>>> print(open('query-v2.cif').read())   # mmCIF, N, CA and C atoms
data_my_file
#
loop_
_atom_site.label_atom_id
_atom_site.label_comp_id
_atom_site.auth_asym_id
_atom_site.auth_seq_id
_atom_site.Cartn_x
_atom_site.Cartn_y
_atom_site.Cartn_z
N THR H 389 0.82 -1.20 0.00
CA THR H 389 0.00 0.00 0.00
C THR H 389 0.86 1.26 0.00
N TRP H 390 0.21 2.41 0.07
CA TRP H 390 0.92 3.69 0.08
C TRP H 390 1.66 3.89 1.40
N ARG H 391 2.71 4.70 1.37
CA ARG H 391 3.50 4.98 2.56
C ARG H 391 3.61 6.49 2.80
N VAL H 392 4.09 6.86 3.99
CA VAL H 392 4.24 8.26 4.34
C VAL H 392 5.37 8.45 5.35
N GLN H 393 6.08 9.57 5.23
CA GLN H 393 7.18 9.88 6.13
C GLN H 393 7.45 11.38 6.18
N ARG H 394 7.30 11.96 7.36
CA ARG H 394 7.52 13.39 7.54
C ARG H 394 9.00 13.73 7.43
N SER H 395 9.32 15.02 7.42
CA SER H 395 10.70 15.47 7.31
C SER H 395 11.02 16.50 8.40
N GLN H 396 12.20 17.10 8.30
CA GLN H 396 12.63 18.09 9.28
C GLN H 396 11.68 19.29 9.29
N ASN H 397 11.04 19.54 8.15
CA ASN H 397 10.11 20.65 8.02
C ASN H 397 9.14 20.68 9.20
N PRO H 398 8.45 21.81 9.37
CA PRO H 398 7.47 21.99 10.45
C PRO H 398 6.22 21.15 10.25
N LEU H 399 6.00 20.70 9.02
CA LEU H 399 4.84 19.88 8.69
C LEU H 399 4.88 19.44 7.23
N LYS H 400 5.96 18.76 6.85
CA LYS H 400 6.12 18.28 5.49
C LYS H 400 5.86 16.78 5.41
N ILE H 401 4.67 16.41 4.93
CA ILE H 401 4.30 15.01 4.80
C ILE H 401 4.64 14.47 3.42
N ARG H 402 5.58 13.54 3.37
CA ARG H 402 6.00 12.94 2.10
C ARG H 402 5.23 11.65 1.83
N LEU H 403 4.30 11.72 0.89
CA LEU H 403 3.49 10.56 0.53
C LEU H 403 4.02 9.90 -0.74
N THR H 404 4.09 8.57 -0.73
CA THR H 404 4.58 7.82 -1.88
C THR H 404 3.94 6.44 -1.95
N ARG H 405 3.71 5.95 -3.16
CA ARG H 405 3.10 4.65 -3.37
C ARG H 405 3.82 3.58 -2.55
N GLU D 600 -9.54 30.00 -10.83
CA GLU D 600 -9.36 28.86 -9.94
C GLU D 600 -9.57 29.27 -8.49
N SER D 601 -10.54 30.15 -8.26
CA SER D 601 -10.84 30.62 -6.91
C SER D 601 -12.34 30.79 -6.72
N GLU D 602 -12.88 31.89 -7.25
CA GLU D 602 -14.30 32.17 -7.14
C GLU D 602 -14.70 32.40 -5.68
N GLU D 603 -13.74 32.86 -4.88
CA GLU D 603 -13.99 33.11 -3.47
C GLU D 603 -12.80 33.80 -2.82
N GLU D 604 -11.74 33.03 -2.56
CA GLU D 604 -10.54 33.57 -1.94
C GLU D 604 -10.78 33.90 -0.47
N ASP D 605 -11.61 34.91 -0.22
CA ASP D 605 -11.92 35.32 1.14
C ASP D 605 -12.42 34.14 1.97
N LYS D 606 -13.16 33.24 1.32
CA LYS D 606 -13.70 32.06 1.99
C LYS D 606 -12.58 31.13 2.44
N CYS D 607 -11.48 31.13 1.69
CA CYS D 607 -10.34 30.29 2.01
C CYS D 607 -9.49 30.92 3.12
N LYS D 608 -9.57 30.35 4.32
CA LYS D 608 -8.81 30.86 5.45
C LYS D 608 -7.49 30.11 5.60
N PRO D 609 -6.53 30.75 6.28
CA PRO D 609 -5.20 30.16 6.51
C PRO D 609 -5.25 28.98 7.49
N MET D 610 -4.24 28.12 7.42
CA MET D 610 -4.17 26.96 8.29
C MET D 610 -2.94 27.03 9.19
N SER D 611 -3.18 27.02 10.50
CA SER D 611 -2.09 27.09 11.47
C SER D 611 -1.44 25.72 11.66
N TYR D 612 -0.15 25.73 11.97
CA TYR D 612 0.59 24.48 12.17
C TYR D 612 -0.13 23.58 13.17
N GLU D 613 -0.80 24.20 14.14
CA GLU D 613 -1.52 23.45 15.16
C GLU D 613 -2.46 22.43 14.52
N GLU D 614 -3.40 22.91 13.73
CA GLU D 614 -4.36 22.04 13.05
C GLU D 614 -3.65 21.09 12.09
N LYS D 615 -2.76 21.65 11.27
CA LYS D 615 -2.01 20.87 10.30
C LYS D 615 -1.33 19.68 10.97
N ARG D 616 -0.80 19.90 12.17
CA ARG D 616 -0.12 18.85 12.92
C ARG D 616 -1.04 17.64 13.10
N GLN D 617 -2.16 17.85 13.77
CA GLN D 617 -3.12 16.77 14.01
C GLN D 617 -3.58 16.15 12.70
N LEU D 618 -3.47 16.91 11.62
CA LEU D 618 -3.88 16.43 10.30
C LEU D 618 -2.83 15.50 9.71
N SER D 619 -1.56 15.90 9.81
CA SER D 619 -0.46 15.09 9.29
C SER D 619 -0.54 13.66 9.81
N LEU D 620 -0.77 13.53 11.11
CA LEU D 620 -0.87 12.22 11.74
C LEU D 620 -2.14 11.50 11.31
N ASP D 621 -3.27 12.20 11.38
CA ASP D 621 -4.55 11.63 11.00
C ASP D 621 -4.48 11.04 9.59
N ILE D 622 -4.09 11.86 8.63
CA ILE D 622 -3.98 11.42 7.24
C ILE D 622 -3.14 10.15 7.14
N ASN D 623 -2.12 10.06 7.98
CA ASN D 623 -1.23 8.90 7.98
C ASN D 623 -1.93 7.68 8.58
N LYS D 624 -2.81 7.92 9.55
CA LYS D 624 -3.55 6.85 10.20
C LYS D 624 -4.56 6.23 9.24
N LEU D 625 -5.04 7.02 8.30
CA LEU D 625 -6.01 6.54 7.32
C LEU D 625 -5.46 5.35 6.54
N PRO D 626 -6.37 4.51 6.02
CA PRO D 626 -6.00 3.32 5.25
C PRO D 626 -5.41 3.68 3.89
N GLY D 627 -4.78 2.70 3.25
CA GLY D 627 -4.17 2.93 1.95
C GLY D 627 -5.13 3.61 0.99
N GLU D 628 -6.29 2.99 0.77
CA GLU D 628 -7.28 3.55 -0.14
C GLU D 628 -7.56 5.01 0.18
N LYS D 629 -7.57 5.34 1.47
CA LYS D 629 -7.82 6.71 1.91
C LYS D 629 -6.67 7.63 1.51
N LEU D 630 -5.45 7.09 1.54
CA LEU D 630 -4.27 7.86 1.18
C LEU D 630 -4.30 8.24 -0.29
N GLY D 631 -4.59 7.27 -1.15
CA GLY D 631 -4.64 7.52 -2.57
C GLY D 631 -5.52 8.71 -2.92
N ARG D 632 -6.65 8.83 -2.23
CA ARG D 632 -7.58 9.93 -2.47
C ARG D 632 -6.99 11.25 -2.00
N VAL D 633 -6.41 11.24 -0.80
CA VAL D 633 -5.81 12.44 -0.23
C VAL D 633 -4.66 12.94 -1.10
N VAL D 634 -3.68 12.07 -1.33
CA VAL D 634 -2.52 12.42 -2.15
C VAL D 634 -2.95 13.02 -3.48
N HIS D 635 -4.08 12.55 -4.00
CA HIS D 635 -4.60 13.03 -5.27
C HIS D 635 -4.98 14.51 -5.17
N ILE D 636 -5.53 14.90 -4.03
CA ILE D 636 -5.94 16.28 -3.81
C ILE D 636 -4.77 17.24 -4.01
N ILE D 637 -3.66 16.95 -3.34
CA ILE D 637 -2.47 17.79 -3.44
C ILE D 637 -1.79 17.61 -4.80
N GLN D 638 -1.90 16.40 -5.35
CA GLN D 638 -1.30 16.10 -6.64
C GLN D 638 -1.96 16.91 -7.75
N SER D 639 -3.25 17.19 -7.59
CA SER D 639 -4.00 17.95 -8.58
C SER D 639 -4.07 19.42 -8.19
N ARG D 640 -4.00 19.69 -6.89
CA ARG D 640 -4.05 21.06 -6.39
C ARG D 640 -2.71 21.76 -6.56
N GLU D 641 -1.63 20.98 -6.45
CA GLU D 641 -0.28 21.53 -6.59
C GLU D 641 0.16 21.50 -8.05
N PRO D 642 0.53 22.68 -8.58
CA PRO D 642 0.99 22.82 -9.96
C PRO D 642 2.35 22.18 -10.19
N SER D 643 3.27 22.39 -9.26
CA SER D 643 4.61 21.84 -9.36
C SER D 643 4.57 20.31 -9.36
N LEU D 644 3.56 19.75 -8.72
CA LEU D 644 3.40 18.30 -8.64
C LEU D 644 3.23 17.70 -10.04
N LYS D 645 2.81 16.45 -10.09
CA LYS D 645 2.61 15.76 -11.36
C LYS D 645 3.94 15.50 -12.06
N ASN D 646 4.97 15.21 -11.26
CA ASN D 646 6.30 14.94 -11.80
C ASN D 646 6.32 13.61 -12.56
N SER D 647 7.46 13.30 -13.17
CA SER D 647 7.60 12.06 -13.93
C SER D 647 7.35 10.85 -13.04
N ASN D 648 7.50 11.04 -11.73
CA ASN D 648 7.28 9.96 -10.78
C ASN D 648 6.00 10.18 -9.98
N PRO D 649 4.87 9.70 -10.52
CA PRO D 649 3.57 9.84 -9.88
C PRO D 649 3.44 8.97 -8.63
N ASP D 650 4.44 8.13 -8.40
CA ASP D 650 4.45 7.25 -7.23
C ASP D 650 5.07 7.95 -6.03
N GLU D 651 5.29 9.25 -6.15
CA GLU D 651 5.88 10.04 -5.07
C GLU D 651 5.29 11.44 -5.03
N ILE D 652 5.15 11.98 -3.83
CA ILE D 652 4.60 13.32 -3.65
C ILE D 652 5.32 14.06 -2.53
N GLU D 653 5.52 15.36 -2.73
CA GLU D 653 6.20 16.19 -1.73
C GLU D 653 5.26 17.26 -1.19
N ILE D 654 4.69 17.00 -0.01
CA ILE D 654 3.77 17.95 0.62
C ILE D 654 4.50 18.83 1.62
N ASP D 655 4.66 20.10 1.28
CA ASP D 655 5.33 21.06 2.16
C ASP D 655 4.41 22.22 2.51
N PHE D 656 3.80 22.15 3.69
CA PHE D 656 2.89 23.20 4.14
C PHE D 656 3.60 24.55 4.18
N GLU D 657 4.92 24.52 4.23
CA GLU D 657 5.72 25.74 4.27
C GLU D 657 5.48 26.59 3.02
N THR D 658 5.21 25.92 1.90
CA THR D 658 4.96 26.60 0.64
C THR D 658 3.55 26.34 0.14
N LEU D 659 2.97 25.22 0.56
CA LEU D 659 1.62 24.85 0.15
C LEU D 659 0.63 25.96 0.48
N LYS D 660 -0.49 25.97 -0.23
CA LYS D 660 -1.52 26.98 -0.01
C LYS D 660 -2.51 26.52 1.06
N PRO D 661 -3.29 27.47 1.59
CA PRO D 661 -4.29 27.19 2.63
C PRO D 661 -5.47 26.39 2.09
N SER D 662 -5.78 26.59 0.81
CA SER D 662 -6.89 25.89 0.17
C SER D 662 -6.66 24.38 0.19
N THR D 663 -5.50 23.96 -0.30
CA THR D 663 -5.16 22.54 -0.34
C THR D 663 -5.06 21.96 1.06
N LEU D 664 -4.38 22.67 1.95
CA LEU D 664 -4.21 22.22 3.33
C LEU D 664 -5.55 21.84 3.94
N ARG D 665 -6.48 22.78 3.95
CA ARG D 665 -7.81 22.55 4.51
C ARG D 665 -8.55 21.48 3.71
N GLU D 666 -8.32 21.46 2.40
CA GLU D 666 -8.97 20.49 1.52
C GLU D 666 -8.81 19.08 2.07
N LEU D 667 -7.60 18.75 2.50
CA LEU D 667 -7.31 17.43 3.05
C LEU D 667 -7.99 17.23 4.40
N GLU D 668 -8.06 18.31 5.18
CA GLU D 668 -8.69 18.26 6.49
C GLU D 668 -10.18 17.94 6.38
N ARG D 669 -10.79 18.41 5.30
CA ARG D 669 -12.21 18.19 5.07
C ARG D 669 -12.47 16.74 4.66
N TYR D 670 -11.50 16.14 3.98
CA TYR D 670 -11.63 14.75 3.53
C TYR D 670 -11.23 13.78 4.64
N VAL D 671 -10.23 14.17 5.42
CA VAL D 671 -9.76 13.33 6.52
C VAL D 671 -10.73 13.37 7.70
N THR D 672 -11.39 14.51 7.88
CA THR D 672 -12.34 14.68 8.97
C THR D 672 -13.68 14.04 8.63
N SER D 673 -14.03 14.06 7.35
CA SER D 673 -15.29 13.49 6.89
C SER D 673 -15.27 11.96 7.01
N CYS D 674 -14.09 11.39 6.80
CA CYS D 674 -13.92 9.94 6.88
C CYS D 674 -13.61 9.50 8.31
N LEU D 675 -12.62 10.15 8.91
CA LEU D 675 -12.21 9.83 10.28
C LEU D 675 -13.31 10.20 11.27
N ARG D 676 -14.11 11.20 10.92
CA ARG D 676 -15.20 11.65 11.78
C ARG D 676 -14.66 12.16 13.11
N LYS D 677 -15.54 12.75 13.91
CA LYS D 677 -15.16 13.28 15.21
C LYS D 677 -16.39 13.64 16.04
N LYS D 678 -17.09 14.69 15.62
CA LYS D 678 -18.29 15.14 16.32
C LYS D 678 -17.96 15.58 17.75
#
>>> encode(input="query-v2.cif", output="structure tokens")
Amino acid sequence: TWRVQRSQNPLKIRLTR
Amino acid sequence: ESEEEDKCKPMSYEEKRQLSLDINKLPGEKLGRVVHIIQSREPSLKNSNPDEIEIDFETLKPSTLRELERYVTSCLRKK
């Protein structure tokens, strides 16, 4: 399924298949 | 691509925070729909790699931000 992982940003959600 | 503007209010990190986690808690099928919102709402998006998305509230607009909150809240519910 799809995955997600935040970053150093204050609220950067990285979504990827 | 507005027809309102004034209606679109800003989104504080506070709300966005609870949203980032919520959206992540949602099921796969739910993610595909959400990611699509930003994928179509964001002009820079739609890269050669549709299997990846870069959501940065730091540059993202308030319209898209809230857009996801309306979809995540409608499904996740709360009341």
>>> residues_near_point(input="query-v2.cif", point="(-5.4, 17.7, -3.6)", cutoff="8 Å", atoms="only N, CA and C atoms", output="number ranges by chain")
D: 632-641, 662-664, 666-667
>>> residues_near_point(input="query-v2.cif", point="(0.0, 27.5, -5.4)", cutoff="8 Å", atoms="only N, CA and C atoms", output="PyMOL selection string")
chain D and resi 640-643+658-661
>>> interface_residues(input="query-v2.cif", of="chain D", to="chain H", cutoff="5 Å", atoms="only N, CA and C atoms", output="number ranges by chain")
D: 627, 650-652, 654-656
>>> select_by_dssp(input="query-v2.cif", residues="chain D", states="strand (DSSP E or B)", output="short mmCIF file (atom, residue, chain, number, x, y, z; two decimals) with N, CA and C atoms, keeping the file's coordinate frame")
data_model
loop_
_atom_site.label_atom_id
_atom_site.label_comp_id
_atom_site.auth_asym_id
_atom_site.auth_seq_id
_atom_site.Cartn_x
_atom_site.Cartn_y
_atom_site.Cartn_z
N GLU D 651 5.29 9.25 -6.15
CA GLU D 651 5.88 10.04 -5.07
C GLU D 651 5.29 11.44 -5.03
N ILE D 652 5.15 11.98 -3.83
CA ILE D 652 4.60 13.32 -3.65
C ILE D 652 5.32 14.06 -2.53
N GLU D 653 5.52 15.36 -2.73
CA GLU D 653 6.20 16.19 -1.73
C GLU D 653 5.26 17.26 -1.19
N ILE D 654 4.69 17.00 -0.01
CA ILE D 654 3.77 17.95 0.62
C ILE D 654 4.50 18.83 1.62
N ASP D 655 4.66 20.10 1.28
CA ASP D 655 5.33 21.06 2.16
C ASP D 655 4.41 22.22 2.51
#
>>> residues_around(input="query-v2.cif", residues="range 668-673 of chain D", least_positions_apart="3", cutoff="7 Å", atoms="only N, CA and C atoms", output="PDB file with N, CA and C atoms, in the coordinates of the input")
ATOM      1  N   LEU D 618      -3.470  16.910  11.620  1.00  0.00           N
ATOM      2  CA  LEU D 618      -3.880  16.430  10.300  1.00  0.00           C
ATOM      3  C   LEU D 618      -2.830  15.500   9.710  1.00  0.00           C
ATOM      4  N   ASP D 621      -3.270  12.200  11.380  1.00  0.00           N
ATOM      5  CA  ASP D 621      -4.550  11.630  11.000  1.00  0.00           C
ATOM      6  C   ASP D 621      -4.480  11.040   9.590  1.00  0.00           C
ATOM      7  N   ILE D 622      -4.090  11.860   8.630  1.00  0.00           N
ATOM      8  CA  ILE D 622      -3.980  11.420   7.240  1.00  0.00           C
ATOM      9  C   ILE D 622      -3.140  10.150   7.140  1.00  0.00           C
ATOM     10  N   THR D 663      -5.500  23.960  -0.300  1.00  0.00           N
ATOM     11  CA  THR D 663      -5.160  22.540  -0.340  1.00  0.00           C
ATOM     12  C   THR D 663      -5.060  21.960   1.060  1.00  0.00           C
ATOM     13  N   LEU D 664      -4.380  22.670   1.950  1.00  0.00           N
ATOM     14  CA  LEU D 664      -4.210  22.220   3.330  1.00  0.00           C
ATOM     15  C   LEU D 664      -5.550  21.840   3.940  1.00  0.00           C
ATOM     16  N   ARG D 665      -6.480  22.780   3.950  1.00  0.00           N
ATOM     17  CA  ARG D 665      -7.810  22.550   4.510  1.00  0.00           C
ATOM     18  C   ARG D 665      -8.550  21.480   3.710  1.00  0.00           C
ATOM     19  N   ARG D 676     -14.110  11.200  10.920  1.00  0.00           N
ATOM     20  CA  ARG D 676     -15.200  11.650  11.780  1.00  0.00           C
ATOM     21  C   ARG D 676     -14.660  12.160  13.110  1.00  0.00           C
ATOM     22  N   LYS D 677     -15.540  12.750  13.910  1.00  0.00           N
ATOM     23  CA  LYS D 677     -15.160  13.280  15.210  1.00  0.00           C
ATOM     24  C   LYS D 677     -16.390  13.640  16.040  1.00  0.00           C
TER      25      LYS D 677
END
>>> atom_distance(input="query-v2.cif", atom1="atom C of residue 674 in chain D", atom2="atom N of residue 617 in chain D")
15.2 Å
>>> atom_distance(input="query-v2.cif", atom1="atom C of residue 609 in chain D", atom2="atom C of residue 626 in chain D")
25.6 Å
>>> atom_distance(input="query-v2.cif", atom1="CA of residue 623 in chain D", atom2="CA of residue 675 in chain D")
11.3 Å
>>> build_atoms(input="query-v2.cif", residues="chain H", atoms="N, CA, C and O atoms", output="PDB file, keeping the file's coordinate frame")
ATOM      1  N   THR H 389       0.820  -1.200   0.000  1.00  0.00           N
ATOM      2  CA  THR H 389       0.000   0.000   0.000  1.00  0.00           C
ATOM      3  C   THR H 389       0.860   1.260   0.000  1.00  0.00           C
ATOM      4  O   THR H 389       2.089   1.180  -0.065  1.00  0.00           O
ATOM      5  N   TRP H 390       0.210   2.410   0.070  1.00  0.00           N
ATOM      6  CA  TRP H 390       0.920   3.690   0.080  1.00  0.00           C
ATOM      7  C   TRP H 390       1.660   3.890   1.400  1.00  0.00           C
ATOM      8  O   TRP H 390       1.278   3.328   2.428  1.00  0.00           O
ATOM      9  N   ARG H 391       2.710   4.700   1.370  1.00  0.00           N
ATOM     10  CA  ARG H 391       3.500   4.980   2.560  1.00  0.00           C
ATOM     11  C   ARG H 391       3.610   6.490   2.800  1.00  0.00           C
ATOM     12  O   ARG H 391       3.270   7.290   1.934  1.00  0.00           O
ATOM     13  N   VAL H 392       4.090   6.860   3.990  1.00  0.00           N
ATOM     14  CA  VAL H 392       4.240   8.260   4.340  1.00  0.00           C
ATOM     15  C   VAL H 392       5.370   8.450   5.350  1.00  0.00           C
ATOM     16  O   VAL H 392       5.599   7.602   6.207  1.00  0.00           O
ATOM     17  N   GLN H 393       6.080   9.570   5.230  1.00  0.00           N
ATOM     18  CA  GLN H 393       7.180   9.880   6.130  1.00  0.00           C
ATOM     19  C   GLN H 393       7.450  11.380   6.180  1.00  0.00           C
ATOM     20  O   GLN H 393       7.794  11.987   5.168  1.00  0.00           O
ATOM     21  N   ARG H 394       7.300  11.960   7.360  1.00  0.00           N
ATOM     22  CA  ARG H 394       7.520  13.390   7.540  1.00  0.00           C
ATOM     23  C   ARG H 394       9.000  13.730   7.430  1.00  0.00           C
ATOM     24  O   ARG H 394       9.849  12.835   7.351  1.00  0.00           O
ATOM     25  N   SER H 395       9.320  15.020   7.420  1.00  0.00           N
ATOM     26  CA  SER H 395      10.700  15.470   7.310  1.00  0.00           C
ATOM     27  C   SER H 395      11.020  16.500   8.400  1.00  0.00           C
ATOM     28  O   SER H 395      10.212  16.741   9.293  1.00  0.00           O
ATOM     29  N   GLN H 396      12.200  17.100   8.300  1.00  0.00           N
ATOM     30  CA  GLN H 396      12.630  18.090   9.280  1.00  0.00           C
ATOM     31  C   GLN H 396      11.680  19.290   9.290  1.00  0.00           C
ATOM     32  O   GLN H 396      11.530  19.965  10.301  1.00  0.00           O
ATOM     33  N   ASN H 397      11.040  19.540   8.150  1.00  0.00           N
ATOM     34  CA  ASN H 397      10.110  20.650   8.020  1.00  0.00           C
ATOM     35  C   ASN H 397       9.140  20.680   9.200  1.00  0.00           C
ATOM     36  O   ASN H 397       8.994  19.706   9.941  1.00  0.00           O
ATOM     37  N   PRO H 398       8.450  21.810   9.370  1.00  0.00           N
ATOM     38  CA  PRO H 398       7.470  21.990  10.450  1.00  0.00           C
ATOM     39  C   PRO H 398       6.220  21.150  10.250  1.00  0.00           C
ATOM     40  O   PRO H 398       5.461  20.907  11.191  1.00  0.00           O
ATOM     41  N   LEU H 399       6.000  20.700   9.020  1.00  0.00           N
ATOM     42  CA  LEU H 399       4.840  19.880   8.690  1.00  0.00           C
ATOM     43  C   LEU H 399       4.880  19.440   7.230  1.00  0.00           C
ATOM     44  O   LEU H 399       3.954  19.706   6.466  1.00  0.00           O
ATOM     45  N   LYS H 400       5.960  18.760   6.850  1.00  0.00           N
ATOM     46  CA  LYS H 400       6.120  18.280   5.490  1.00  0.00           C
ATOM     47  C   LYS H 400       5.860  16.780   5.410  1.00  0.00           C
ATOM     48  O   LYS H 400       6.711  15.968   5.771  1.00  0.00           O
ATOM     49  N   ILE H 401       4.670  16.410   4.930  1.00  0.00           N
ATOM     50  CA  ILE H 401       4.300  15.010   4.800  1.00  0.00           C
ATOM     51  C   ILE H 401       4.640  14.470   3.420  1.00  0.00           C
ATOM     52  O   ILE H 401       4.064  14.902   2.417  1.00  0.00           O
ATOM     53  N   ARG H 402       5.580  13.540   3.370  1.00  0.00           N
ATOM     54  CA  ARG H 402       6.000  12.940   2.100  1.00  0.00           C
ATOM     55  C   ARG H 402       5.230  11.650   1.830  1.00  0.00           C
ATOM     56  O   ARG H 402       5.477  10.623   2.457  1.00  0.00           O
ATOM     57  N   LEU H 403       4.300  11.720   0.890  1.00  0.00           N
ATOM     58  CA  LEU H 403       3.490  10.560   0.530  1.00  0.00           C
ATOM     59  C   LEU H 403       4.020   9.900  -0.740  1.00  0.00           C
ATOM     60  O   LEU H 403       4.356  10.573  -1.716  1.00  0.00           O
ATOM     61  N   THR H 404       4.090   8.570  -0.730  1.00  0.00           N
ATOM     62  CA  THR H 404       4.580   7.820  -1.880  1.00  0.00           C
ATOM     63  C   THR H 404       3.940   6.440  -1.950  1.00  0.00           C
ATOM     64  O   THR H 404       3.647   5.825  -0.920  1.00  0.00           O
ATOM     65  N   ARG H 405       3.710   5.950  -3.160  1.00  0.00           N
ATOM     66  CA  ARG H 405       3.100   4.650  -3.370  1.00  0.00           C
ATOM     67  C   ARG H 405       3.820   3.580  -2.550  1.00  0.00           C
ATOM     68  O   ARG H 405       4.141   2.503  -3.062  1.00  0.00           O
TER      69      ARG H 405
END
